[PDB]
Every structure is written in C-alpha cells, then in structure tokens.
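Novice: One file is attached below, target31.txt, containing compact mmCIF, N, CA, C and O atoms.
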# COMPACT_ATOMS: atom_id res chain seq x y z
N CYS A 1 14.02 6.35 -16.85
CA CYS A 1 15.23 5.59 -16.41
C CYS A 1 15.44 4.40 -17.33
O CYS A 1 16.48 4.29 -17.99
N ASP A 2 14.46 3.51 -17.38
CA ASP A 2 14.55 2.33 -18.23
C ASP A 2 13.17 1.72 -18.45
O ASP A 2 13.02 0.50 -18.46
N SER A 3 12.17 2.58 -18.63
CA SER A 3 10.81 2.11 -18.84
C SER A 3 10.76 1.16 -20.04
O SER A 3 11.31 1.46 -21.10
N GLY A 4 10.08 0.03 -19.86
CA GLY A 4 9.97 -0.95 -20.94
C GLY A 4 10.68 -2.24 -20.57
O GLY A 4 11.70 -2.22 -19.87
N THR A 5 10.14 -3.36 -21.03
CA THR A 5 10.74 -4.66 -20.74
C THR A 5 10.07 -5.76 -21.56
O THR A 5 9.70 -5.55 -22.71
N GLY A 6 9.91 -6.93 -20.95
CA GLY A 6 9.27 -8.05 -21.63
C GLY A 6 8.31 -8.77 -20.69
O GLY A 6 7.72 -9.79 -21.06
N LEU A 7 8.15 -8.23 -19.49
CA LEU A 7 7.25 -8.83 -18.51
C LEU A 7 6.02 -9.40 -19.19
O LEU A 7 5.62 -8.95 -20.27
N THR A 8 5.41 -10.41 -18.57
CA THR A 8 4.22 -11.04 -19.13
C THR A 8 3.14 -11.18 -18.07
O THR A 8 2.05 -11.70 -18.35
N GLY A 9 3.43 -10.71 -16.86
CA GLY A 9 2.47 -10.79 -15.77
C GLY A 9 1.64 -12.06 -15.86
O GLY A 9 0.41 -12.01 -15.91
N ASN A 10 2.32 -13.21 -15.88
CA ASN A 10 1.64 -14.49 -15.97
C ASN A 10 0.33 -14.46 -15.19
O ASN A 10 -0.75 -14.32 -15.77
N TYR A 11 0.42 -14.60 -13.87
CA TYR A 11 -0.76 -14.59 -13.02
C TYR A 11 -0.36 -14.48 -11.55
O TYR A 11 0.52 -13.70 -11.20
N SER A 12 -1.01 -15.27 -10.70
CA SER A 12 -0.71 -15.25 -9.27
C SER A 12 0.78 -15.46 -9.05
O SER A 12 1.41 -14.77 -8.25
N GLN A 13 1.35 -16.43 -9.77
CA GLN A 13 2.77 -16.73 -9.64
C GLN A 13 3.60 -15.46 -9.83
O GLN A 13 4.58 -15.24 -9.13
N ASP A 14 3.19 -14.63 -10.78
CA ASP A 14 3.90 -13.39 -11.05
C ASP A 14 3.61 -12.36 -9.96
O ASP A 14 4.45 -11.50 -9.67
N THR A 15 2.43 -12.44 -9.36
CA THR A 15 2.05 -11.50 -8.31
C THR A 15 2.94 -11.67 -7.08
O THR A 15 3.45 -10.68 -6.55
N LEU A 16 3.13 -12.90 -6.64
CA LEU A 16 3.97 -13.16 -5.47
C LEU A 16 5.44 -13.00 -5.83
O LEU A 16 6.26 -12.62 -4.99
N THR A 17 5.78 -13.30 -7.08
CA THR A 17 7.16 -13.19 -7.54
C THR A 17 7.64 -11.75 -7.39
O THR A 17 8.75 -11.51 -6.91
N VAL A 18 6.81 -10.80 -7.81
CA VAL A 18 7.16 -9.39 -7.71
C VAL A 18 7.27 -8.96 -6.25
O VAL A 18 8.30 -8.44 -5.83
N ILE A 19 6.21 -9.19 -5.48
CA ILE A 19 6.22 -8.82 -4.07
C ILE A 19 7.27 -9.61 -3.33
O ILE A 19 7.80 -9.16 -2.31
N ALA A 20 7.57 -10.80 -3.83
CA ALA A 20 8.56 -11.63 -3.17
C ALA A 20 9.89 -10.89 -3.06
O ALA A 20 10.60 -11.02 -2.07
N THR A 21 10.21 -10.10 -4.08
CA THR A 21 11.45 -9.34 -4.06
C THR A 21 11.33 -8.19 -3.08
O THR A 21 12.31 -7.76 -2.47
N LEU A 22 10.11 -7.70 -2.92
CA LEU A 22 9.84 -6.60 -1.99
C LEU A 22 9.88 -7.11 -0.56
O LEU A 22 10.55 -6.54 0.30
N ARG A 23 9.15 -8.19 -0.31
CA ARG A 23 9.11 -8.79 1.01
C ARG A 23 10.50 -9.24 1.42
O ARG A 23 10.84 -9.25 2.61
N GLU A 24 11.31 -9.60 0.44
CA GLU A 24 12.67 -10.04 0.71
C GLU A 24 13.56 -8.84 1.02
O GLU A 24 14.53 -8.95 1.76
N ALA A 25 13.19 -7.71 0.46
CA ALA A 25 13.95 -6.48 0.66
C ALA A 25 13.76 -5.94 2.08
O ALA A 25 14.73 -5.59 2.75
N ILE A 26 12.51 -5.87 2.52
CA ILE A 26 12.21 -5.37 3.86
C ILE A 26 12.94 -6.20 4.90
O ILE A 26 13.28 -5.70 5.97
N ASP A 27 13.18 -7.46 4.59
CA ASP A 27 13.87 -8.35 5.52
C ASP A 27 14.73 -9.37 4.78
O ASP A 27 14.59 -10.58 5.00
N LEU A 28 15.62 -8.89 3.92
CA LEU A 28 16.50 -9.79 3.18
C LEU A 28 17.53 -10.41 4.12
O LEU A 28 17.82 -9.85 5.18
N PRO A 29 18.10 -11.54 3.77
CA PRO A 29 19.13 -12.20 4.62
C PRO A 29 20.21 -11.21 5.06
O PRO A 29 20.38 -10.16 4.44
N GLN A 30 20.92 -11.54 6.13
CA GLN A 30 21.96 -10.66 6.64
C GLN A 30 23.07 -10.49 5.60
O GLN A 30 24.08 -9.83 5.86
N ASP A 31 22.88 -11.09 4.43
CA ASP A 31 23.87 -11.00 3.37
C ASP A 31 23.58 -9.80 2.47
O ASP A 31 24.06 -9.73 1.34
N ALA A 32 22.79 -8.86 2.98
CA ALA A 32 22.44 -7.68 2.21
C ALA A 32 22.13 -6.51 3.15
O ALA A 32 20.99 -6.05 3.22
N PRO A 33 23.12 -6.01 3.86
CA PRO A 33 22.92 -4.87 4.80
C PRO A 33 22.52 -3.59 4.06
O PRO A 33 22.80 -2.48 4.51
N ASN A 34 21.85 -3.77 2.93
CA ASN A 34 21.39 -2.64 2.12
C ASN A 34 20.02 -2.96 1.54
O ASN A 34 19.88 -3.16 0.33
N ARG A 35 19.02 -3.01 2.40
CA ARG A 35 17.66 -3.31 1.97
C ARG A 35 17.24 -2.39 0.83
O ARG A 35 16.28 -2.67 0.11
N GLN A 36 17.96 -1.28 0.69
CA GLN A 36 17.65 -0.32 -0.36
C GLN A 36 18.14 -0.80 -1.73
O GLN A 36 17.43 -0.67 -2.73
N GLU A 37 19.35 -1.35 -1.77
CA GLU A 37 19.91 -1.83 -3.03
C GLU A 37 19.02 -2.90 -3.65
O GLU A 37 18.56 -2.76 -4.78
N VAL A 38 18.78 -3.98 -2.91
CA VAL A 38 17.94 -5.05 -3.42
C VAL A 38 16.63 -4.47 -3.94
O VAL A 38 16.10 -4.93 -4.95
N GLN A 39 16.13 -3.45 -3.26
CA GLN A 39 14.90 -2.80 -3.67
C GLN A 39 15.05 -2.24 -5.08
O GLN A 39 14.10 -2.20 -5.85
N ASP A 40 16.27 -1.80 -5.40
CA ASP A 40 16.54 -1.24 -6.72
C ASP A 40 16.17 -2.26 -7.80
O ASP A 40 15.54 -1.92 -8.80
N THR A 41 16.57 -3.51 -7.58
CA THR A 41 16.27 -4.57 -8.53
C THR A 41 14.76 -4.69 -8.72
O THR A 41 14.29 -4.96 -9.82
N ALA A 42 14.02 -4.49 -7.64
CA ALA A 42 12.57 -4.57 -7.70
C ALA A 42 12.02 -3.44 -8.55
O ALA A 42 11.08 -3.62 -9.32
N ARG A 43 12.62 -2.26 -8.41
CA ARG A 43 12.18 -1.09 -9.17
C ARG A 43 12.11 -1.42 -10.66
O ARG A 43 11.19 -1.00 -11.35
N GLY A 44 13.09 -2.19 -11.14
CA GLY A 44 13.11 -2.58 -12.54
C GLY A 44 11.83 -3.30 -12.91
O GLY A 44 11.21 -3.00 -13.94
N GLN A 45 11.42 -4.24 -12.07
CA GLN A 45 10.20 -5.00 -12.31
C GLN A 45 9.01 -4.06 -12.40
O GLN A 45 8.15 -4.22 -13.27
N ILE A 46 8.96 -3.07 -11.51
CA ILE A 46 7.86 -2.11 -11.52
C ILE A 46 7.73 -1.47 -12.90
O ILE A 46 6.65 -1.46 -13.49
N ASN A 47 8.84 -0.95 -13.41
CA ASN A 47 8.83 -0.33 -14.73
C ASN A 47 8.39 -1.35 -15.78
O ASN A 47 7.77 -0.99 -16.78
N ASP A 48 8.72 -2.61 -15.54
CA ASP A 48 8.36 -3.67 -16.46
C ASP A 48 6.87 -3.97 -16.40
O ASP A 48 6.20 -4.05 -17.42
N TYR A 49 6.35 -4.13 -15.19
CA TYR A 49 4.94 -4.42 -15.02
C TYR A 49 4.10 -3.18 -15.29
O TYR A 49 3.15 -3.21 -16.08
N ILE A 50 4.44 -2.09 -14.62
CA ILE A 50 3.71 -0.83 -14.77
C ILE A 50 4.02 -0.13 -16.09
O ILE A 50 3.17 0.59 -16.62
N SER A 51 5.23 -0.30 -16.61
CA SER A 51 5.61 0.37 -17.86
C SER A 51 5.88 -0.61 -19.00
O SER A 51 6.76 -0.38 -19.82
N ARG A 52 5.10 -1.69 -19.07
CA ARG A 52 5.27 -2.66 -20.15
C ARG A 52 4.20 -3.74 -20.07
O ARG A 52 3.63 -4.13 -21.09
N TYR A 53 3.90 -4.21 -18.86
CA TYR A 53 2.88 -5.23 -18.69
C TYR A 53 1.89 -4.83 -17.60
O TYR A 53 1.80 -5.48 -16.56
N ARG A 54 1.15 -3.76 -17.85
CA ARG A 54 0.17 -3.28 -16.89
C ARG A 54 -1.10 -4.12 -16.96
O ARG A 54 -1.85 -4.22 -15.99
N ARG A 55 -1.34 -4.72 -18.12
CA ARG A 55 -2.52 -5.56 -18.31
C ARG A 55 -2.43 -6.81 -17.45
O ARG A 55 -1.34 -7.24 -17.08
N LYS A 56 -3.58 -7.38 -17.13
CA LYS A 56 -3.62 -8.59 -16.30
C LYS A 56 -5.04 -9.11 -16.18
O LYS A 56 -5.78 -9.16 -17.17
N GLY A 57 -5.42 -9.51 -14.97
CA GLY A 57 -6.76 -10.03 -14.74
C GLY A 57 -7.51 -9.17 -13.72
O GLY A 57 -7.87 -9.63 -12.64
N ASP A 58 -7.74 -7.91 -14.08
CA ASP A 58 -8.44 -6.99 -13.19
C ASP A 58 -9.93 -7.34 -13.12
O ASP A 58 -10.74 -6.81 -13.88
N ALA A 59 -10.27 -8.23 -12.20
CA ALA A 59 -11.66 -8.64 -12.04
C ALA A 59 -12.52 -7.46 -11.60
O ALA A 59 -13.74 -7.48 -11.75
N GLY A 60 -11.87 -6.44 -11.06
CA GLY A 60 -12.58 -5.25 -10.60
C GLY A 60 -12.80 -5.30 -9.09
O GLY A 60 -13.81 -4.81 -8.59
N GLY A 61 -11.85 -5.88 -8.38
CA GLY A 61 -11.95 -5.99 -6.93
C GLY A 61 -10.64 -6.50 -6.32
O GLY A 61 -10.57 -6.77 -5.12
N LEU A 62 -9.62 -6.63 -7.16
CA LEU A 62 -8.32 -7.11 -6.69
C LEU A 62 -7.82 -6.24 -5.54
O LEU A 62 -7.49 -5.07 -5.73
N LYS A 63 -7.75 -6.83 -4.35
CA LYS A 63 -7.28 -6.10 -3.18
C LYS A 63 -5.76 -6.10 -3.12
O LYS A 63 -5.15 -5.24 -2.49
N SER A 64 -5.14 -7.08 -3.78
CA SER A 64 -3.69 -7.17 -3.80
C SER A 64 -3.09 -6.16 -4.77
O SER A 64 -2.17 -5.42 -4.42
N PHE A 65 -3.63 -6.12 -5.98
CA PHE A 65 -3.14 -5.19 -7.00
C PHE A 65 -3.19 -3.76 -6.47
O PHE A 65 -2.23 -2.99 -6.65
N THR A 66 -4.29 -3.40 -5.83
CA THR A 66 -4.45 -2.05 -5.29
C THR A 66 -3.36 -1.76 -4.26
O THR A 66 -2.93 -0.62 -4.11
N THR A 67 -2.91 -2.80 -3.57
CA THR A 67 -1.87 -2.64 -2.57
C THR A 67 -0.53 -2.39 -3.24
O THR A 67 0.27 -1.59 -2.77
N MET A 68 -0.30 -3.07 -4.36
CA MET A 68 0.95 -2.90 -5.09
C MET A 68 1.22 -1.42 -5.33
O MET A 68 2.36 -0.97 -5.26
N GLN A 69 0.15 -0.67 -5.61
CA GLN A 69 0.28 0.76 -5.85
C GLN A 69 0.40 1.51 -4.53
O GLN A 69 1.05 2.55 -4.44
N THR A 70 -0.24 0.98 -3.49
CA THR A 70 -0.20 1.61 -2.18
C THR A 70 1.17 1.44 -1.55
O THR A 70 1.77 2.40 -1.07
N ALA A 71 1.68 0.21 -1.56
CA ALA A 71 2.99 -0.07 -0.99
C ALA A 71 4.09 0.53 -1.86
O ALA A 71 5.13 0.96 -1.35
N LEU A 72 3.87 0.56 -3.17
CA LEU A 72 4.87 1.11 -4.09
C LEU A 72 5.24 2.52 -3.65
O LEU A 72 6.42 2.84 -3.50
N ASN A 73 4.23 3.35 -3.43
CA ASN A 73 4.47 4.72 -3.00
C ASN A 73 5.23 4.74 -1.67
O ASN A 73 6.09 5.59 -1.45
N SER A 74 4.90 3.80 -0.79
CA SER A 74 5.55 3.71 0.51
C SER A 74 6.99 3.23 0.37
O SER A 74 7.91 3.80 0.95
N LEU A 75 7.19 2.17 -0.42
CA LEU A 75 8.52 1.63 -0.63
C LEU A 75 9.49 2.75 -0.93
O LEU A 75 10.38 3.06 -0.14
N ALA A 76 9.30 3.34 -2.09
CA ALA A 76 10.15 4.44 -2.54
C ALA A 76 10.35 5.47 -1.43
O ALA A 76 11.28 6.26 -1.46
N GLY A 77 9.45 5.44 -0.44
CA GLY A 77 9.54 6.37 0.68
C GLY A 77 10.77 6.09 1.53
O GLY A 77 11.42 7.00 2.03
N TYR A 78 11.08 4.80 1.70
CA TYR A 78 12.23 4.40 2.50
C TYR A 78 13.53 4.68 1.75
O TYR A 78 14.53 5.09 2.35
N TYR A 79 13.52 4.46 0.44
CA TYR A 79 14.70 4.69 -0.38
C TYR A 79 15.07 6.17 -0.41
O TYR A 79 16.11 6.55 -0.94
N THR A 80 14.20 7.00 0.16
CA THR A 80 14.45 8.44 0.19
C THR A 80 15.79 8.74 0.85
O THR A 80 16.02 8.38 2.01
N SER A 81 16.67 9.41 0.11
CA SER A 81 17.98 9.76 0.63
C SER A 81 18.61 8.58 1.36
O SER A 81 19.61 8.73 2.06
N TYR A 82 18.03 7.40 1.18
CA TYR A 82 18.54 6.19 1.81
C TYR A 82 18.56 6.35 3.33
O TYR A 82 19.59 6.14 3.98
N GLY A 83 17.41 6.72 3.89
CA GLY A 83 17.31 6.90 5.34
C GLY A 83 17.46 5.57 6.07
O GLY A 83 16.52 4.79 6.15
N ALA A 84 18.66 5.32 6.59
CA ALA A 84 18.93 4.08 7.30
C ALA A 84 18.36 4.14 8.72
O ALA A 84 19.00 3.70 9.67
N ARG A 85 17.16 4.70 8.85
CA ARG A 85 16.53 4.82 10.16
C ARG A 85 15.38 3.82 10.28
O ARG A 85 14.91 3.27 9.28
N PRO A 86 14.92 3.57 11.48
CA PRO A 86 13.81 2.62 11.74
C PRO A 86 12.70 2.74 10.69
O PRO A 86 12.26 3.84 10.36
N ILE A 87 12.28 1.60 10.16
CA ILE A 87 11.23 1.58 9.14
C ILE A 87 10.01 2.39 9.59
O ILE A 87 9.28 1.97 10.49
N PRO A 88 9.77 3.54 9.00
CA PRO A 88 8.61 4.40 9.38
C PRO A 88 7.31 3.60 9.45
O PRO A 88 7.24 2.46 9.00
N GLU A 89 6.27 4.22 10.01
CA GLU A 89 4.98 3.56 10.14
C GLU A 89 4.39 3.28 8.76
O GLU A 89 3.99 2.16 8.47
N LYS A 90 4.34 4.30 7.92
CA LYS A 90 3.80 4.13 6.58
C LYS A 90 4.61 3.11 5.80
O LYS A 90 4.07 2.39 4.97
N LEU A 91 5.90 3.03 6.09
CA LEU A 91 6.77 2.08 5.42
C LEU A 91 6.52 0.70 5.98
O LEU A 91 6.18 -0.23 5.27
N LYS A 92 6.70 0.58 7.29
CA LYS A 92 6.49 -0.67 7.97
C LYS A 92 5.03 -1.09 7.87
O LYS A 92 4.74 -2.25 7.61
N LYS A 93 4.12 -0.14 8.07
CA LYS A 93 2.70 -0.44 8.00
C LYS A 93 2.30 -0.85 6.59
O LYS A 93 1.59 -1.83 6.41
N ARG A 94 2.78 -0.12 5.61
CA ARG A 94 2.46 -0.46 4.22
C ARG A 94 3.21 -1.72 3.83
O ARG A 94 2.66 -2.59 3.17
N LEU A 95 4.47 -1.82 4.26
CA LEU A 95 5.26 -3.00 3.95
C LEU A 95 4.75 -4.17 4.76
O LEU A 95 4.71 -5.30 4.29
N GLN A 96 4.33 -3.88 5.98
CA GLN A 96 3.78 -4.92 6.85
C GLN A 96 2.41 -5.28 6.35
O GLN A 96 2.08 -6.45 6.17
N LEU A 97 1.62 -4.25 6.08
CA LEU A 97 0.28 -4.45 5.56
C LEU A 97 0.39 -5.09 4.19
O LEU A 97 -0.36 -6.00 3.85
N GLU A 98 1.37 -4.64 3.41
CA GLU A 98 1.59 -5.20 2.08
C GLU A 98 2.21 -6.58 2.22
O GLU A 98 1.79 -7.52 1.56
N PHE A 99 3.21 -6.70 3.09
CA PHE A 99 3.87 -7.98 3.30
C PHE A 99 2.86 -8.98 3.80
O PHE A 99 2.84 -10.12 3.37
N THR A 100 2.02 -8.54 4.72
CA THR A 100 1.01 -9.43 5.25
C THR A 100 -0.12 -9.56 4.25
O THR A 100 -0.58 -10.67 3.96
N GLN A 101 -0.55 -8.44 3.69
CA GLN A 101 -1.62 -8.49 2.69
C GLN A 101 -1.12 -9.28 1.49
O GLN A 101 -1.89 -9.93 0.80
N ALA A 102 0.19 -9.21 1.26
CA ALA A 102 0.80 -9.93 0.16
C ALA A 102 1.14 -11.35 0.59
O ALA A 102 0.73 -12.32 -0.04
N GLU A 103 1.90 -11.45 1.66
CA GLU A 103 2.32 -12.75 2.17
C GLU A 103 1.18 -13.46 2.89
O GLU A 103 0.89 -14.62 2.62
N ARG A 104 0.55 -12.77 3.84
CA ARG A 104 -0.54 -13.39 4.60
C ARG A 104 -1.71 -13.78 3.69
O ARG A 104 -2.18 -14.91 3.73
N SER A 105 -2.19 -12.83 2.89
CA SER A 105 -3.32 -13.10 2.00
C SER A 105 -2.98 -14.16 0.96
O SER A 105 -3.68 -15.17 0.84
N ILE A 106 -1.91 -13.94 0.20
CA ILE A 106 -1.53 -14.90 -0.84
C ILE A 106 -1.27 -16.28 -0.23
O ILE A 106 -1.44 -17.30 -0.90
N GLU A 107 -0.86 -16.30 1.03
CA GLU A 107 -0.58 -17.56 1.71
C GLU A 107 -1.86 -18.38 1.87
O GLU A 107 -1.82 -19.58 2.12
N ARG A 108 -3.01 -17.71 1.73
CA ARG A 108 -4.29 -18.39 1.86
C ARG A 108 -4.40 -19.07 3.22
O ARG A 108 -4.33 -20.30 3.32
N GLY A 109 -4.58 -18.27 4.26
CA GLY A 109 -4.69 -18.81 5.61
C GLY A 109 -5.95 -18.28 6.30
O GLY A 109 -6.65 -19.02 6.99
N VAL A 110 -6.23 -16.99 6.11
CA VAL A 110 -7.41 -16.38 6.71
C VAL A 110 -8.50 -16.16 5.66
O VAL A 110 -8.85 -15.02 5.44
Represent the structure of the file as structure tokens.
Specialist:
Amino acid sequence: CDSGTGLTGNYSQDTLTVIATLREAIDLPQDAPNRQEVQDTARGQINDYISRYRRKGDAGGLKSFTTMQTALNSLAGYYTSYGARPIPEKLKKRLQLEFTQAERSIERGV
C-alpha cells in the first residue's frame, strides 16, 4: 500500500504516541462517528514503524511492544468490512487490554 516512511521510533514518547492514535480511535470524540477512518491514519504509522522503523530498544521483555502486535491483529479485525457492530471481545479485550496495557501500564500506576 505505502510501506516505508521516516519514522524514528524515538522512545517511550513514540510508544504512547502510536497507541495514542489507537486508543483515540476506539473512543475518539463524537466528532468522528467513524472509529474506522481515524484508524486508517494509524495504519500508516504501522507501516512506518513496522515497515521502516522496526528497530528500537528491545530489552528482551517488552510487554508493551508484544501487545502492539497482539492488538494490531485485533484492530484490523474491527475494520473488517467495517462492521459497525459492538466491539467484539477480542477487539474490546485486545483494545481494552491494549488500551489498558498501553494506557494503564504506560500511565505508571500499578
């Protein structure tokens, strides 16, 4: 589609920045009755990070990075035929688990 970019995967800031678009998609303001469209913009980042800036700081235990791949598969699951139906378990669970694992964990609370 458009593999390649200039991403630099700075660090943590870049980690939340990417998921931030995802977490915003699952529950974007009422100014976007198309959680799927906004997700499209995120897809670009994926190709950029995964298809241009895959390198980073893989300490060999990153629980967040592993989720990015777990939720990624789930995300695209919702965009399927654009099913405007209740967020499936794997979607909500992965997005919730990812949103929480992303938002909750990165938030540094527990």
Novice: Work out how far CA of residue 75 (chain A) is from atom C of residue 104 (chain A), in Å to one decimal.
Specialist: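 Those two atoms sit 19.0 Å apart.
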Novice: Which one is closest to residue 7 (chain A): A:108, A:55, A:63, A:94? Count all atoms listed in the file.
Specialist: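 Among the listed residues, A:55 lies closest to residue 7 (chain A).
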Novice: Check the smallest atom-to-atom distance from each of A:56, A:102, A:2, A:95 to residue 18 (chain A) using only C-alpha atoms, then report the winner.
Specialist: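 Smallest separation from residue 18 (chain A) among the options: A:102.
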Novice: Kindly give the distance, in Å, that separates atom C of residue 46 (chain A) and atom N of residue 109 (chain A), rounded to a single decimal.
Specialist: 27.0 Å
Novice: Hey, which of A:73, A:5, A:67, A:51 ends up closest to residue 19 (chain A)? Count only C-alpha atoms.
Specialist: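 Looking only at the distances to residue 19 (chain A), the closest residue turns out to be A:67.
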Novice: Taking the DSSP assignment computed from this structure's backbone, write out as number ranges by chain all residues of chain A that belong to helix (DSSP H, G or I).
Specialist: A: 12-26, 35-50, 63-78, 80-82, 89-106
Novice: Measure the distance from atom N of residue 48 (chain A) to atom O of residue 4 (chain A) in Å and round it to one decimal.
Specialist: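 Taking atom N of residue 48 (chain A) and atom O of residue 4 (chain A), their separation equals 5.3 Å.
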Novice: Considering only C-alpha atoms, state which residue in the set A:101, A:96, A:81, A:10 is at the smallest distance from residue 54 (chain A).
Specialist: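 For residue 54 (chain A), the nearest of the candidates is A:10.
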Novice: Which is closest to residue 64 (chain A) among A:3, A:80, A:47, A:15, if we use only N, CA, C and O atoms?
Specialist: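 Checking each of A:3, A:80, A:47, A:15 against residue 64 (chain A), counting only N, CA, C and O atoms, the winner is A:15.
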Novice: Using only C-alpha atoms, pick whichever of A:14, A:58, A:37, A:27 has the shortest atom-to-atom distance to residue 87 (chain A).
Specialist: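 Answer, going by the shortest atom-to-atom distance: A:27.
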